[PDB]
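A.B. asks: Respectively, the protein sequence lines represent chains A and B. Be aware that the first sequence starts at 470, since it is given in the UniProt record's numbering, and climbs by one per residue. Be aware that the second sequence starts at 246, since it is given in the UniProt record's numbering, and climbs by one per residue. Cβ coordinates follow ideal geometry from the N, Cα and C atoms, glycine included.
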Amino acid sequence: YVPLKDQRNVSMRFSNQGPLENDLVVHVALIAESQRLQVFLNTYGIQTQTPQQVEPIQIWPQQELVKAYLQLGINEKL
Amino acid sequence: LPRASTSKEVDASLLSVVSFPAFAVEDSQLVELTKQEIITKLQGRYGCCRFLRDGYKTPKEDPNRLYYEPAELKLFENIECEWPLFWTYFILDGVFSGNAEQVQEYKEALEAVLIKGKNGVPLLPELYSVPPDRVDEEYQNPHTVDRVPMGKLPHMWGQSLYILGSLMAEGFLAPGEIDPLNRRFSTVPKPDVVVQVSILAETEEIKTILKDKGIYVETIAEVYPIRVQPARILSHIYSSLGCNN
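(1) Beta carbon of B/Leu406: closer than 7 Å to some heavy atom of the ligand SAH?
(2) Quick check on the DSSP output: what are the complete alpha helix (DSSP H) runs of length 4 or more inside the segment 409–471 of chain B, in order along the chain?
(3) Report, in whole angstroms, the separation of the C-beta atoms of B/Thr333 and B/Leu355, which I expect to be a contact under 8 Å.
(4) Starting from the Cα of A/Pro525, find the closest Cα among B/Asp424, B/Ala419, B/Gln281 and give me that residue.
(5) Between which residues of its own chain and A/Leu510 is the CB-CB distance below 8 Å, once the five residues before and five after are set aside?
(6) If you draw a straight line from the alpha carbon of B/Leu330 to that of B/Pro434, how long is it in whole angstroms?
(7) At a CB-CB cut-off below 7 Å, which residues of chain A make contact with B/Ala249?
(8) Identify each residue in the segment 394–428 of chain B for which the Cβ-Cβ distance to at least one residue of chain A is less than 8 Å, and report them in chain order.
(9) Please identify the residue among B/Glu371, B/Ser273, B/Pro377 whose C-alpha is closest to the C-alpha of B/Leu398.
(10) Using the Cβ count rule (16 or more neighbours within 10 Å means buried), how would you classify B/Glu314?
(11) Relative to chain B, which residues along the segment 519–534 of chain A have a C-beta separation below 9 Å, given in chain order?
(12) To the nearest angstrom, how far is it from the Cα of B/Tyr291 to the Cα of B/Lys352?
(13) Would you mind listing the alpha helix (DSSP H) stretches within the segment 304–342 of chain B that are 4+ residues and don't spill past its ends, in chain order?
(14) Just the Cα atoms here: how many angstroms apart are B/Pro377 and B/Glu254?
(15) Of the residues B/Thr251, B/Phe268, B/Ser258, which one's Cα is nearest the Cα of B/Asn427?
(16) Does the segment 257–265 of chain B come into contact with the segment 275–289 of chain B, if we say contact requires no fewer than three beta-carbon pairs (one atom in each stretch) closer than 8 Å?
(17) Taking B/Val393 as part of the beta strand (DSSP E), name the residues at either end of that continuous run.
(18) Go ahead and pull the three-state DSSP assignment for B/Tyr301.
(19) By the 10 Å Cβ neighbour count, where 16 or more other Cβ atoms means buried, how is B/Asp307 classified, buried or exposed?
(20) Runs of 4 residues minimum, wholly inside the segment 249–279 of chain B: which ones carry the alpha helix (DSSP H) assignment?
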């Protein structure tokens, strides 16, 4: 239980902007697929990056996290 | 590019421009040409020289005197000492893009010229000096007489670059992390660009004349949202950037 004056920076209950406020800013990342598509977009001023230029980072589908979560919580005795 | 300056036929310092720091060069054929030229002209036995006819740290010249007298006939020929900095440049240059065997060759070449000091750690000498006695033989047999270390050797620049190159070669760190700006792709050709040109008439008479021959344009009027003015106004506008009182 928290008072009405304390509900400012709690986790999973209220946002940092206050209870009666909604002004969240979300981030987006632009990533292309192929060199032809990215150069075609750049010809029109659109900026996008090929997947081969983000080598330190990796992009994986949703099933990888599903199988990783499935791996967790295994016990042999029971 | 081929010559460092109008008085110097070649300088070894052009390697830094055309290697790891500040890639600013195109037409890689010239890169290969200058690399081959520096290899064939400035390579020595235990190092390489900065440029032809330098007298720095020589058994002649009366080192306590400056402002060289114009008498460098043969007193500074083929006795240029050495500089392993440009040698330790080559290992980084090779390991940078795609070269591996040259990296091994340069590493094995430079491991022979190292000096072990306190605690048994690598140390890079500044230069090796020709002995003051064996000078006549070198004039007839260049790059044959052994040399001796001389001068200061807490060379932080060379040691730092060498240890950075060794860490790079060990594979712990990727080449794309040192330069997040991606300066490694300066040799990628650009096909072509398309230029857009707009035509406008100053007065109604000019527009009528252009339309007479079949050319359709517009005057300075009718495009009120946009404006046109000479570039001297633009320069006078630029004359106010970064002004502090």
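C.D. replies: From the atom records:
(1) As for the ligand SAH, it is missing from this structure, which has no ligand bound.
(2) 420–423, 449–457
(3) 6 Å
(4) B/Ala419
(5) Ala501, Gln516, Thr517
(6) 32 Å
(7) Going along chain A, no residue has its Cβ under 7 Å from B/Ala249, so there is no contact; the nearest lies around 35 Å.
(8) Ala419, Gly421, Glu422, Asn427
(9) B/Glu371
(10) exposed
(11) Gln522, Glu524, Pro525
(12) 13 Å
(13) 330–341
(14) 28 Å
(15) B/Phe268
(16) yes
(17) 393–395
(18) coil
(19) exposed
(20) 259–262
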